[PDB]
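Consider the single chain below, provided in structure tokens and representing the form solved without the DNA.
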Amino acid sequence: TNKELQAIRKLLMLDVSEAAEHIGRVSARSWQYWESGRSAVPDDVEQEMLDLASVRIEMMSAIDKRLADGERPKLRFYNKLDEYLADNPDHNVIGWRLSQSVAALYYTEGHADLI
């Protein structure tokens, strides 16, 4: 539904324009129409957003591994996209947002430091 689509997008920290370009391959206006509720949300886009959410879960699982190993992780929080891309040259703006989503969660809940 429109509500599930927006929920996942925001949890993954994607701006509408970023989700539209990279996941929907549609204009931002088209993506807004999907989230507005005045349109059918196509099921394929919803499925691709759930696939991307599984990437966030994989990234969380890796941090959980460090925690089980006794480490208090120091996670890079990239305020600047360009710095993320410099350190992660095989990723893009969507990877940057997923990194923010994961680092912010672990920090805010008291489980990791940000660097």
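Each residue number is its position in the shown sequence, starting from 1.
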Per the PDB record, is the mean Cα temperature factor higher over 103 to 111 or over 10 to 18?
103 to 111
Out of 23 to 31 and 38 to 46, which stretch has the higher average CA B-factor listed in the record?
38 to 46
Is the Cα B-factor recorded for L67 in the lowest, middle or highest third of its chain?
middle
By its CA B factor, does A53 count among the lowest, middle or highest third of the modelled residues in the chain?
middle
Can you work out whether the C-alpha temperature factor of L81 puts it in the lowest, middle or highest third of the chain?
middle
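Not on display, but discussed next: the form deposited with the DNA bound.
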Is it true that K74, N88 and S99, all three, sit within 4.5 Å of the DNA in the entry with it bound, judged by heavy atoms?
no
Select from the listed residues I57, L50, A40, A68 the one whose heavy atoms reach within 4.5 Å of the DNA in the entry with it bound.
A40
The DNA contact in the entry with it bound: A103, any heavy atom under 4.5 Å:
no
Heavy atom of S17 within 4.5 Å of the DNA in the entry with it bound
yes
Only counting heavy atoms and a 4.5 Å limit, does any residue of 89 to 109 reach the DNA in the entry with it bound, and if so which ones?
none
